[PDB]
Amino acid sequence: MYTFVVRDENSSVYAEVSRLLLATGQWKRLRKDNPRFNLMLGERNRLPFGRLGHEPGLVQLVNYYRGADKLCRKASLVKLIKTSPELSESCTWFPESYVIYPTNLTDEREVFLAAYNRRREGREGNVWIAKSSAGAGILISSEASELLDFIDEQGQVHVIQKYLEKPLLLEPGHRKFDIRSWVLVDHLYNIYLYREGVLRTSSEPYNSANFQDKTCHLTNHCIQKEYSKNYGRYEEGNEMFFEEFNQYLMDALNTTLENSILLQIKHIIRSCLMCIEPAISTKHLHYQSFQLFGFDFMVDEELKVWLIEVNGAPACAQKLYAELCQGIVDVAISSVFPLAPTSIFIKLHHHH
Amino acid sequence: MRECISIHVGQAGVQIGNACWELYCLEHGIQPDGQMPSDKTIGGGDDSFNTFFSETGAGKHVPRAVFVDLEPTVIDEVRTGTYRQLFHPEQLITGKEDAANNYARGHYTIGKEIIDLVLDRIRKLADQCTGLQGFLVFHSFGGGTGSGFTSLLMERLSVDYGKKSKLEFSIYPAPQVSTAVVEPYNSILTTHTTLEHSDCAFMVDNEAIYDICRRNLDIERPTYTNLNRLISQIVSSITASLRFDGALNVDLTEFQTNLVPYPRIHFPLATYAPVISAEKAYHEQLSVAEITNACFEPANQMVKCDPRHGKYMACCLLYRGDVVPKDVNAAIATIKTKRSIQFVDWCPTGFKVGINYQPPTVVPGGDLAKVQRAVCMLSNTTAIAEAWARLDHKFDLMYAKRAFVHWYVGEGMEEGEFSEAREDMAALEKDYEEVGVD
Amino acid sequence: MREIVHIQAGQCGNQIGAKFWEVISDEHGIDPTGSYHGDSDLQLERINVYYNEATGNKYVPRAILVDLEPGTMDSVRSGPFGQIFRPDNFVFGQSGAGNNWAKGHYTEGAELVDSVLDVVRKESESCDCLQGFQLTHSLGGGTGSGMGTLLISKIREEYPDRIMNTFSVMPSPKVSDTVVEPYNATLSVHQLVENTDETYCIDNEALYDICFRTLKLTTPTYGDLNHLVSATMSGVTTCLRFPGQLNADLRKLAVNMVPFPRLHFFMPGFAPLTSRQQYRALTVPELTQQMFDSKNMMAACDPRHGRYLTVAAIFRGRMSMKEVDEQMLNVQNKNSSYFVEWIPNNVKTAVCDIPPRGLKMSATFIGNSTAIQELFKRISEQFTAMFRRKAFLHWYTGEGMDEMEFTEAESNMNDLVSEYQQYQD
Amino acid sequence: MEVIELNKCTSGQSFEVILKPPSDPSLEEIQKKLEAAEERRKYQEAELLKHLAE
Ligand SMILES: Nc1nc2c(ncn2[C@@H]2O[C@H](COP(=O)(O)OP(=O)(O)OP(=O)(O)O)[C@@H](O)[C@H]2O)c(=O)[nH]1
Ligand SMILES: Nc1ncnc2c1ncn2[C@@H]1O[C@H](COP(=O)(O)OP(=O)(O)CP(=O)(O)O)[C@@H](O)[C@H]1O
Ligand SMILES: Nc1nc2c(ncn2[C@@H]2O[C@H](COP(=O)(O)OP(=O)(O)O)[C@@H](O)[C@H]2O)c(=O)[nH]1
Ligand SMILES: COc1ccc(Cl)cc1C(=O)NCC(C)C
Ligand SMILES: [Ca+2]
Ligand SMILES: [Ca+2]
Ligand SMILES: [Ca+2]
Ligand SMILES: [Mg+2]
Ligand SMILES: [Mg+2]
Ligand SMILES: [Mg+2]
């Protein structure tokens, strides 16, 4: 009879896993402060890792990799890419990014203006996007004066990265989109990619001559469902799944999702996670870790994939809650606490 | 030459002191009867081993140690054990009834009526020192004596010996080998009143020594003898610089200079390797790089924690056996490129290395096998603060309901001394977070 | 040299205490004449905790026998091990207590108490370092209850810093001598709540049912109930009589078992309990599953009705200490809803190599459960069923007492219940 | 990767390697604390005996 606790009532994902665990009749739930547990579904922030793995006779398991914030923070991810030799500054699949601290507080202000003045002098497209983690708060502008003045009006760290002025547009619609991939990493640090991704598409045609209206530029599910007037027109909930998207790539572009995009996504995930493995691995740790990640990608009109950000506490598409949650129990939990396919994941083999 | 006086308080301190002095004697070639054939100066001399041993006219080498316990059962083992001939009765002080795992009882009730005796016995060992450096205090956090009487002894030592350094070897409480529920209280009480009196403290989590014995020595259920034989190896490696010719950590002052830039943060984390089973057929001897690489594995740390998520303030490497500087630097270069070693920006990113060519001495018939080289790393990591968080948390669970509090108030303590001690820890956790996290 | 002074008072007190010295004397190799004839040194290691060493290597139980009538103690002296007890330590009267607390506490008992304390003071003056006292007695009678508590009240006055421990047989109507037993028990319970550090609650009903249902005894006797108390008493005291680090002395055990001064009433438990299939080897999982089962507990309180404050287990015999930990850690991690979460590690375990007589291995259970409030709830409901009509009060008022003192004992124990109630939530 | 202060002797040697540069109570007051606790005990035992006298 395995025991587990819950310390994040707002998690739509592990809320289902908890419902599934109890449905097995072999997992028992305890109060959120009972240290005698096998599995912790811990809080997002200030998760007390230091108190894990100190109960005699209990093998304890947690659903967050301590130190993964280095990959799931806007400024942290950028700092990780430019410093880690495994990724280098010349990284080809990550937009040219810079970390900018508001002037009311290292800082890459002058480094950003240099590359900004070289592009302005070379006639090249010079549209940048400013954003931060403390957002629902984004500004898209081609003028460096506006981007900087916008950050100074705030009080937290921000990041300016090159805006993809040539994104792949779906037809009919002439609309933008992003791709979400759910990746699971078990205690053994196997990298499993969920065979099912989603495209959170924009219901508004893309307009390159007006970054003031951010309804056709931002593909966030909440922005389209509030400020967009064509929500749910071409697909249900602005969510196109890999089947329809794969049929489109073959009818219009004469290629496959696997060949044109999925290969690059699988390469990115490996390089991001393999980089930080020696920092977060729980191979010889007194407790064990496993975490679900949500990667966001961009696709330009040349079928190149760019990495936007990584989400540490991602939600799931409504239609994929059952299949994915059950998979988490199979490869991440039961692998350590077995119960008395055609795997739904795609293992990304690598060198530990 | 300058002398060092060792003090062992409580059962944990006393038994650990037994295992060490057994080890010191094997290392310096001292026999159970105190004789030392290698010492050519009979009845005197200022050699490096004289920092721990005095000499009589008859040629006996007598430890500079005092054993204190409020109950005589554990110290009687010393008076009749294998090394009974080393000590004389003045060195072994025993009461008649212990502190019942009650810090208040050891510190106030019982401690007040015996404190003046200990100081006198220690004063007698000080009168044999031509230039005393300081004291090494072995004790436990959980025991009533180890926690309660120690904190008092430290308060008085800082009064009778002002300019002298004091180092602790504290035993962190671990349920797997403990039958006392109030040990969090004692640990947090003793850390509070002892903090401003100790200059450097090596915490040892029994949980760590326990799992290292089960994992590396294949001991299904390790005894205190097992835990102590291992803990005496670590202690030996840390005190070796004081007992042997050398230029690193040559006096107790150097321990604070090299490991403690900030006063309150004086709890270095210790890592030791290799620990090899004597019952093993025959082990492939590890290189310098392999044993140094092991110093950054959580399984070999005296306290379980994750240094990858802390910041180093200092770092020493103490080697014993077949080791030459050339090999040490090579392993360090390879570990930096693979490991996560983040230092605080106001401290240099460096390693002080000491090497003693004599390899570790293993107690005949013990659990550990003889190796040709071994290392012990002392690194001041903010990650050790995890240990305080664990301990302080349990303290809050019981104190929120005032459980067991009446036992302390009943020996004369004030309930306010709890929260006062707890708030001192909350500040100690804050100083650690102010130094490590961004 | 941490000596314990034993006191046994009254009929029940002395018949149980007698069998108690029969059981441990066997374990330490002490024959009925006081001579040692064991084969191991672990027997004598901690022998002076309960025995004094006389001339000729004779061991004399450090025990005082007390009663207001000669009958029971005359049987002890003529009994099996009767010749081992110190002759002077037989302090007894002739009037009897008539199952009256008032008589044992204020009138008859008070006339004999000074002479019992003369013997206690004589056994203590010879102790190198006295740990404390342990009293065996019933609460439903007149002597062990009325005078027993009178003795504790006076031993605490003369020895205020020594541990006072008692084995108290609680009364039950299904196993009853007189209808006044709830009166005597309610009055004693207040004394114990004030002047005892540890009280092992033993409900005669729980003992009866264990003999009837589990031991398949068709018609139990007081002797059969006393066999259980003997074995239990031998069990909880193993930590004291043999070389062990866990709960070594009486005060250390209190510091780990009593988180609040008034909640010091324990439910003991034994295992195995086998009916005569008695030769079957009992495994460690079996020892543990039974040891925690309520049917093996002697308070007649269902633990699953309250929460455990602290727990102390003791395993006796040659076994796998690794397999003990695995199973103990299993029971905790399978029912963590019945252990309070605000006391980390409130379940300790001690191993002993010497098993009791006739068993390869065994386990003794010591629980500080809030479920004990059910015991004091029964006693209170029976007390009030009669006191509301003032029934049978004339036996007590005739001895000097007033109805007010009854109303106080009533409110005092209802408080004790309310105290056990707030810590269950 | 610098090595500084290399000291060698018969029984070993010690050195230092730099990878990157940076960027009480008096005796009177202890006796009072002790006597203060000894006083709180004496008071509590008096209340116990006073209680036992009543
Ligand atoms: N490593 C190690 N730990 C020990 C040893 N003896 C006791 N301990 C630990 O010490 C803690 C209890 O403190 P003790 O040293 O036994 O208590 P004390 O100093 O004798 O003080 P008293 O309460 O008066 O008995 C427990 O957590 C034990 O795990 C030992 O020999 N080696
Ligand atoms: N460099 C870039 N070029 C083009 N579009 C970009 C971009 N960076 C971000 N976007 C747009 O912004 C959206 C993602 O914003 P971002 O991820 O920075 O904020 P966020 O983290 O609150 C959304 P989520 O966490 O749900 O993925 C995408 O829909 C994408 O279209
Ligand atoms: N277990 C057990 N209980 C007893 C025994 N004798 C009496 N009792 C119980 O003790 C209570 C009566 O107390 P008793 O010892 O006769 O009073 P006293 O002798 O005057 O002090 C009743 O509830 C009985 O059930 C006995 O030998 N064993
Ligand atoms: C009140 O009597 C008892 C209470 C309990 C037990 Cl276990 C046995 C007896 C007994 O043997 N009575 C015999 C007598 C009533 C004739
Ligand atoms: Ca000499
Ligand atoms: Ca000082
Ligand atoms: Ca008379
Ligand atoms: Mg986000
Ligand atoms: Mg002790
Ligand atoms: Mg009777």
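How each quantity is defined
- All residue numbers given refer to positions from 1 along each chain's written sequence rather than to the entry's numbering, and residues for which no coordinates exist are omitted.
- Chain letters and ligand numbers both follow the written order, the letters beginning at A and the numbers at 1.
- Just a portion of a larger assembly is displayed, and each value is taken over that portion.
- Neither water nor hydrogens contribute to the side-chain values; these are computed over all heavy atoms in the structure.
- Residues with missing side-chain atoms are left out of burial classes, side-chain pairs and their counts.
- Strand pairing is assigned whenever DSSP detects at least two bridges linking the two strands.
- The helix and strand labels rest on DSSP assignments: H or I over at least four residues marks a helix, E over at least two residues marks a strand, and numbering proceeds from the N terminus.
- Note on geometry: axes are lines fitted to C-alpha atoms, helical ones only across the stretch in contact, with angles between N-to-C directions running from 0 to 180 degrees.
- The contact criterion used throughout is that any non-hydrogen atoms of two residues lie within 4.5 Å.
- Working rule for helices: expected span equals 1.5 Å times residues minus one.
- With a 1.4 Å probe rolled over the protein chains alone, any residue whose accessible area is under 20% of its type maximum counts as buried; one over 50% counts as exposed, and the rest are partly exposed.
- This arc is built from the directions going out from the helix axis to the C-beta atoms.
- Defined here as a combined quantity, buried area equals the accessible surface (1.4 Å probe) lost by two parts on assembly, summed across both.
- Salt bridge, as used here, is a side-chain nitrogen of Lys or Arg placed within 4 Å of a carboxyl oxygen of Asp or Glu.
- Think of a polar contact as two N or O atoms within 3.5 Å of one another; within protein, one of them needs to be a possible hydrogen donor and the other a possible acceptor, and neighboring residues in sequence only count if both atoms come from side chains.
- Under the scheme applied, nonpolar residues are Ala, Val, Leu, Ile, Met, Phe, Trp, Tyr, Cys and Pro; charged residues are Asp, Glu, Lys and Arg; polar residues are all the others, including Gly.
- Put simply, a nonpolar core is a bunch of buried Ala, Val, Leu, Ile, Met, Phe, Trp, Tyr and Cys residues held in one set by side-chain atoms that sit within 4.5 Å of each other.
- The split into domains, and so the bounds of each, comes from an automatic or database assignment of domains.
- Working definition: residue near molecule or strand if any one of its non-hydrogen atoms lies within 4 Å of it.
- Reported accessibility uses the Shrake-Rupley method at a 1.4 Å probe radius. Residues are deemed covered only where the shown protein chains occlude them.
- UniProt positions are given in the numbering used here, feature names are shortened, and annotations may be inferred rather than shown by experiment.
- All tallies of charge rest on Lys and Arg as positive and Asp and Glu as negative; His and the ends of each chain are not included.
- Put simply, angles under 35 degrees are roughly parallel, angles over 145 are roughly antiparallel, angles from 65 to 115 are roughly perpendicular, and the rest are oblique.
- Here a crossing is taken to be left-handed if its near helix is turned anticlockwise relative to the far helix by less than a right angle, and right-handed if that turn runs clockwise.

By the method listed in its record, X-ray crystallography, this PDB entry was determined to a resolution of 2.7000 Å.

Chain D appears in the PDB entry as Stathmin-4 from Rattus norvegicus.

Where the PDB entry is consulted, chain C appears under the name Tubulin beta-2B chain, with the organism given as Bos taurus.

1. With respect to the sheet that holds strand β6 (residues 134-140) of chain B
All names here are of chain B. Read across the open sheet, the six strands follow the order β5-β4-β1-β6-β7-β8; overall the sheet is parallel. Across the chains shown, the open sheet's two edge strands, defined by having one partner strand only, are β5 (92-94) and β8 (200-205). Each neighbouring strand pair of the sheet contributes to a mean axis angle of 15 degrees, computed without reference to strand direction. Relative to the sheet, helix α7 (residues 206-216) contacts β7 (165-172) and β8, its axis offset from that of β8 by approximately 50 degrees.

2. Remarks on the arrangement of the chains
There are five pairs of chains in contact here; the most contacts are made by chains B and D. You won't find any contact between chain A and chain D; their C-alpha atoms come no closer than 13 Å.

3. A short note on helix α14 (residues 373-387) of chain C
All names here are of chain C. The end-to-end C-alpha distance of α14 is 20 Å, a good match for the 21 Å that 15 residues give at a rise of 1.5 Å each. Every buried residue of α14 is accounted for by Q373, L375, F376, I379, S380, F383, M386 and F387. For α14, the arc enclosing every buried residue in end-on projection is 155 degrees, short of the 170-degree limit, so these residues lie on one face. Check the buried side of α14 and you find it contacts β7 (163-170), α7 (181-195), β8 (198-203), β9 (265-271) and α16 (403-422).

4. Some remarks on the sheet that holds β9 of chain C
Residues and elements named next belong to chain C. If you walk across this open sheet you meet the 10 strands as β5-β4-β1-β6-β7-β8-β9-β12-β10-β11, and the pairing is mixed. Whereas interior strands pair on both sides, the edge strands pair on one side only; in this sheet they are β5 (90-92) and β11 (347-352). In this sheet, adjacent strand axes meet at a mean angle of 20 degrees when their direction is disregarded. Here strand β4 (residues 63-67) runs beside β5; their pairing, made up of three bridges, is parallel. In the strand pairing of β5, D67 is matched with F92.

5. Some thoughts on the environment of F418 of chain B
Residue and element names in this part refer to chain B. One can find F418 in helix α14 (residues 416-436). In the structure, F418 is positioned 267 residues away from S151 in sequence and 15 Å away in space, judged by C-alpha atoms. Among all residues touching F418, those that are not within four sequence positions of it are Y185, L189, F395, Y399, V405, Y408 and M413.

6. A word on the interface of chain D and chain B
Facing the 32 residues of chain D at the interface are 41 residues of chain B. For the pairing of chain D and chain B, the buried interface totals around 3,000 Å² over both sides, and the portion due to carbon and sulfur atoms is 59%. Taken together, the links from chain D to chain B amount to three salt bridges. Among the salt bridges present, the one from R40 of chain D reaches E414 of chain B, with a minimum N-O distance of 4.0 Å. Where chain D touches chain B, the interface holds 14 residue pairs in polar contact. With 11 residues, the top contributor of residues to the side of chain D that touches chain B is helix α1 (residues 27-53) of chain D. Taken together, the residues of the side of chain D that touches chain B break down into 15 nonpolar, nine polar and eight charged. The sheet contact formed by strand β11 (residues 349-356) of chain B and strand β2 (residues 12-20) of chain D spans eight bridges and is antiparallel. Along β2 of chain D, the bridge assignment pairs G354 of chain B with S14 of chain D.

7. Regarding the nonpolar core
Counting 196 residues, the largest nonpolar core has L153, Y185, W388 and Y408 of chain B together with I372 and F376 of chain C as the members making the most contacts within it. In contact with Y185 of chain B, not counting residues within four places along its chain, are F395, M398, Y399, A403, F404, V405, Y408 and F418 of chain B. With 61 residues, the next largest nonpolar core counts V74, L86, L136 and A314 of chain B among its residues.

8. With respect to the domain arrangement of chain C
Residues and elements named next belong to chain C. As far as domains go, chain C holds domain 1 (1-259), domain 2 (260-371) and domain 3 (372-425). Distance between the C-alpha centres of domain 1 and domain 2: 23 Å. Contacts between domain 1 and domain 2 engage 35 residues on the former and 33 residues on the latter. Going through the elements one at a time, α1 (10-27), α7, β8, α8 (204-214), α9 (222-236), α10 (238-241) and α11 (250-257) are the ones with two or more residues in the side of domain 1 that touches domain 2.

9. Describing helix α6 (residues 143-158) of chain C
Residues and elements named next belong to chain C. Taking 1.5 Å of rise per residue, the 16 residues of α6 would be expected to cover 22 Å, and the 21 Å separating its terminal C-alpha atoms lies within 8% of that figure. Counting buried residues in α6 gives 12 out of 16 residues, a clear majority hidden from the surface. Listing the buried residues of α6 in full gives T143, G144, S145, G146, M147, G148, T149, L150, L151, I152, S153 and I155.

10. A few points about the site of ligand 4
Residue and element names in this part refer to chain C. Surveying the vicinity of ligand 4 reveals the residues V175, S176, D177, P220, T221, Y222 and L225. Alone, ligand 4 offers 420 Å² of accessible surface; in the complex the protein occludes 49% of this. Partitioning the shell around ligand 4 into residue classes produces four nonpolar, two polar and one charged.

11. Examining the UniProt feature "binding site: GTP" in chain C
All names here are of chain C. Feature annotation in UniProt places "binding site: GTP" on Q11, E69, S138, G142, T143, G144, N204 and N226, given in this structure's numbering. A stretch of 216 residues holds the annotated residues, and the largest C-alpha distance among them is 22.6 Å, long enough that they do not meet in one place. Along the chain, the position of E69 falls in the loop between β4 and α3 (71-78). Setting aside residues no more than four positions away along its own chain, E69 makes contact with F92, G93 and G96. With respect to the secondary-structure elements, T143 resides in helix α6. Judged by its relative accessible area of 7%, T143 is buried. For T143, the residues in contact, after removing those within four places along its chain, are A9, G10, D67, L68, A97 and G148.

12. Focus: the side chain of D39 of chain B
All names here are of chain B. Locating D39 in the fold gives a position in the loop between α1 (10-27) and β2 (53-55). The side chain of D39 is buried and forms no salt bridge, while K40, the nearest opposite charge, is found at 8.2 Å. Side-chain polar atoms of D39 contact the side chain of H61, separated by 2.7 Å. Contact partners of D39, with chain neighbours within four places excluded, come to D47, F49, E55 and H61.

13. Details of the site of ligand 2
Residue and element names in this part refer to chain A. Near ligand 2, the surroundings consist of 18 residues, among which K162, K176, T219, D296 and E309 are the closest. Side-chain polar atom of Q161 to a nitrogen atom of ligand 2: 3.2 Å apart, as the coordinates give it. Coverage of ligand 2 by the protein chains reaches 90% of its 620 Å² of free accessible surface. When contributions to the shell around ligand 2 are tallied by element, the ones reaching two or more residues are β6 (128-131), β8 (158-162), β14 (291-299) and β15 (305-311).

14. Comments concerning the interface of chain C and chain D
Facing the five residues of chain C at the interface are five residues of chain D. Between chain C and chain D lies a buried interface of about 490 Å² when both sides are counted; carbon and sulfur atoms form 63% of it. The largest share of the area that chain C buries against chain D comes from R156, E157 and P160 of chain C, three residues that together contribute 70% of it. Inspection of the chain C/chain D interface yields zero salt bridges. Considering each element in turn, the side of chain C that touches chain D owes the most residues, three residues, to α6 of chain C. Looking at the side of chain C that touches chain D, its residues break down into one nonpolar, one polar and three charged.

15. As for the packing of helix α3 (residues 103-112) of chain B against helix α5 (residues 144-160) of chain B
Residues and elements named next belong to chain B. Across the interface, α3 lies against α5 with an axial gap of 6 Å and an inter-helix angle of 55 degrees. On the basis of the axis angle, α3 is oblique to α5. Note on packing geometry: the crossing formed by α3 with α5 is right-handed. Along its contact with α3, which presents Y103, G106, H107, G111 and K112, the element α5 presents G144, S147, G148, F149, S151, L152 and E155. Within the contact of α3 with α5, the residues separate by chemical class into three nonpolar, seven polar and two charged.

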